[PDB]
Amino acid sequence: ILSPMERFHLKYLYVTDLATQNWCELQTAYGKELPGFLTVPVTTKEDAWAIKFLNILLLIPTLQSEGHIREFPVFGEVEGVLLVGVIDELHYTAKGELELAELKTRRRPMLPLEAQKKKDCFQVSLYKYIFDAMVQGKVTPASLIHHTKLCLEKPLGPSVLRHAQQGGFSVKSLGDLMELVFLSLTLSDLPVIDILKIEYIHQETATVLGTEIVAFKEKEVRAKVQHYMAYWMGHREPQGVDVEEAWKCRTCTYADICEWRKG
């Protein structure tokens, strides 16, 4: 029988799909099975990615001269699945280190619990894993085309050529745009991320509820992703929460339909 990727008609996954998988994998699976519970207009997928590419093309020189940017797109094939996400903030420190900052806002002025910090440390660790591959030439246009099925010489929609030529862009095909994105990622002296920072903010008080500086370890991050991707590719069954974390079920939308918590 088919895989969860094919069952849910998915061609890629969001970075936070793997994060919530660290919360509960069964709950993530139910959200993709039962999906009803949880400035430029485009609608062809070739146009959507072209906007993402144009954003990258401006964000790279902005980062390298101004020293900081926001909402940087990231993508890359991880263990046979294209992962797609957005980094909150990238900036250079005073000592010249490239630091990724993740901003989490909480409703109540309350510390996060280790279950949530585990999920968020994994999320920012995934941003570093994908970003490092991008600027080191491990992310290629062929892998992007393989997973999304973009058509490279379908001409770009007038909405995006208009906005392209506005910021000086005599680009015509989508392949032109892709070739330029990977040149600029790999040859503009972009370093790998050195520091990972999660800040928890109660935004009505503007009070800092804690700062996590994530210790990155490539082998552990790859091991966990390999385990999590094994579900989506279809090689193992999804696991629910451990018995010590059964309190997660008290607030789960899918608590009545699930069969893990019972037995």
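Residue indices: 1-based, along the sequence shown.
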Checking chain continuity here. Are there deposited residues lacking coordinates between residue 213 and residue 214, and if so is it 1 to 3, 4 to 9, or 10 or more (or none)?
none
Tell me which stretch, 27-35 or 49-57, has the higher mean Cα B-factor listed in the entry.
27-35
What stretch has the higher average Cα B-factor here, 69-77 or 147-155?
147-155
Top Cα B-factor in this entry, restricted to 223, 196, 233, 40, sits on 40
Which one of 169, 182, 127, 92 shows the biggest C-alpha B-factor in the PDB entry?
169
Name the third of the chain's ranked CA B-factors that contains residue 191, choosing lowest, middle or highest.
lowest
Lowest, middle or highest third: where is residue 202 by C-alpha B factor in its chain?
highest
State the tercile, meaning the lowest, middle or highest third, of residue 138 with respect to the CA B-factors recorded for its chain.
lowest
Based on the entry's values, in what third of the chain does the Cα temperature factor of residue 163 lie: lowest, middle or highest?
highest
Can you tell me which third, lowest, middle or highest, the CA B-factor of residue 98 falls into for its chain?
lowest
